[PDB]
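Trainee: Sequence isn't available, so here's the structure alone:
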Ligand SMILES: [Cl-]
Ligand SMILES: [Cl-]
Ligand SMILES: [Zn+2]
Ligand SMILES: [Zn+2]
């Protein structure tokens, strides 16, 4: 999920938008 | 400038990106 | 809502806890 | 002290109140 | 006090240093 | 540079002023 | 605990501390 | 933009930046 | 609520949240 | 992405997220 | 160093940076 | 004052504190 994608691995600002409502 | 604009009005991430090295 | 309440007035940690998953 | 309890180990919000005045 | 001064007017890092242990 | 001086190693507030404009 | 006055990102910081591993939803008005 | 490690409160600060008024969910259990 | 690791500036942000107007002390040497 | 209302240190946080390893310059008016 | 305008949690962040391992006390008025 | 490890967003928050109106540059590539 988000922790794996963005903390453990590395993510872009675009990928962060995946978790917007 | 950008510092004042973001605070007194609004600004976008795209405008912010102009200040990257 | 909670976002507006905490900013325009005040809110408690107990009210915040309602927004946990 | 607080660093051992809350950083090195893990503490609750209730335990944090131990360091309020 | 310092908390109110830094917020309603301005304060220096040197004034802040007085609150260190 | 700054990351080496202040993150990897350890720096003072005075050394941080090295990166002011 | 004390009552809170929280705007902007500070609300999100509080939710983070309150909810921990449970996570949370941030849902502002329009 | 860039790709970096974003964890904990820094991750939710980034969600707040990116999502803002849309709102977001932070669900670390997944 | 929950239990998490709180360190450095994150620890003092949490003290501020929890204590607020009461005030607090942060004394890492102990 | 959404438009931003950013004052003080919050602008610097946004620049940090936006620029990543590129770094950035913070240049307020007078 | 420059003069500071610091409210809320931002004061606590500044105290944290200024005092380091010495720690500090946060004591707002009533 | 003191000497501590300052990294990432914490480093730029410290630059903002120390430099303020002067402005600053954060150039991690060097
Ligand atoms: Cl961290
Ligand atoms: Cl603020
Ligand atoms: Zn703030
Ligand atoms: Zn951090």
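Mentor: Cool, got the structure. Numbering: from 1, shown residues only, chains lettered A, B, ... in the order given. Ligands and ions are numbered 1, 2, ... in the order given.
Trainee: rest of the way, CA atoms for contacts and neighbours
Mentor: Noted.
Trainee: Next one: whichever residue of chain A sits closest to chain E relative to residue G:8, how far apart?
Mentor: Residue of chain A nearest chain E, by Cα to the nearest Cα: residue A:13 (32.8 Å). Note on residue A:13: its distance to residue G:8, by Cα to Cα, to the nearest Å, is 19 Å.
Trainee: quick one on the thing from earlier: I'd say the residue of chain A closest to chain E and residue H:1 touch.
Mentor: Yes - at 7.1 Å, residue A:13 counts as touching residue H:1 under the criterion of Cα atoms under 8 Å.
Trainee: Need the overlap of contacts for those two.
Mentor: Each of residue J:18 lies in contact with both residue A:13 and residue H:1 under the rule Cα atoms under 8 Å, 6 or more residues apart in numbering or on different chains.
Trainee: who's in contact with the residue of chain A closest to chain E?
Mentor: Contact analysis of residue A:13 by Cα under 8 Å, 6+ apart lists H:1-3, H:14, H:18, J:18.
Trainee: JSON lines for the residues you listed, including distance to chain K, neighbour count and secondary structure?
Mentor: Output for the contacts of residue A:13, formatted as JSON lines (distance: Cα to the nearest Cα, whole Å; neighbours: other Cα atoms under 10 Å in any protein chain shown; DSSP: H, G, I helix; E, B strand; the rest coil):
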{"residue": "H:1", "distance to chain K": "27", "neighbour count": "15", "secondary structure": "coil"}
{"residue": "H:2", "distance to chain K": "27", "neighbour count": "14", "secondary structure": "coil"}
{"residue": "H:3", "distance to chain K": "26", "neighbour count": "18", "secondary structure": "strand"}
{"residue": "H:14", "distance to chain K": "18", "neighbour count": "21", "secondary structure": "helix"}
{"residue": "H:18", "distance to chain K": "22", "neighbour count": "28", "secondary structure": "helix"}
{"residue": "J:18", "distance to chain K": "22", "neighbour count": "27", "secondary structure": "helix"}
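Trainee: and chain B, which of those residues contact it?
Mentor: H:1, J:18 (Cα under 8 Å from any Cα of the partner chain).
Trainee: Looking at the contacts of residue A:13, which one is closest to chain B?
Mentor: Once Cα to the nearest Cα is applied, the member of these that ends up nearest chain B is residue J:18, at 6.2 Å.
Trainee: In chain G, what residue lies closest to chain K?
Mentor: For chain G, Cα to the nearest Cα, closest residue to chain K: residue G:10, 8.5 Å.
Trainee: mind checking how far that residue is from residue K:10?
Mentor: According to Cα to Cα, residue G:10 and residue K:10 sit 10 Å apart.
Trainee: How about the contacts made by residue A:3?
Mentor: Per Cα under 8 Å, 6+ apart, neighbours of residue A:3: H:7, H:28.
Trainee: hang on, I meant residue G:12
Mentor: G:26, H:12-13, H:16.
Trainee: same thing but 7 Å
Mentor: residue H:12 (Cα atoms under 7 Å, 6 or more residues apart in numbering or on different chains).
Trainee: any idea which element it lies in?
Mentor: Here residue G:12 sits within helix G:9-19, counting by DSSP states H and E.
Trainee: starting at the chain centroid, how far to that helix?
Mentor: Computed by Cα atoms, centre = their mean, to the nearest Å, the chain-centroid distance of helix G:9-19 equals 3 Å.
Trainee: thinking again about what came up before, looking at the contacts of residue A:13, which one is closest to residue A:21?
Mentor: The nearest member of the contacts of residue A:13 to residue A:21, counting by Cα to Cα, is residue H:18 at 11.1 Å.
Trainee: Help me confirm that that closest one comes into contact with residue A:17.
Mentor: Yes - Residue H:18 is within contact range of residue A:17, at 6.3 Å (criterion: Cα atoms under 7 Å).
Trainee: mind checking how far the residue of chain G found nearest chain C is from chain B?
Mentor: Closest approach of chain G to chain C (Cα to the nearest Cα) occurs at residue G:24, with a separation of 4.0 Å. Plainly put, residue G:24 is 25 Å away from chain B if you go by Cα to the nearest Cα, to the nearest Å.
Trainee: how about the nearest residue to that residue, chain neighbours excluded?
Mentor: Nearest residue to residue G:24 in three dimensions, chain neighbours excluded: residue C:20, at 4.0 Å (Cα to Cα, 6 or more residues apart in numbering or on different chains).
Trainee: Now do the strands in chain A.
Mentor: Under the criterion DSSP state E, chain A contains strands at A:11-12.
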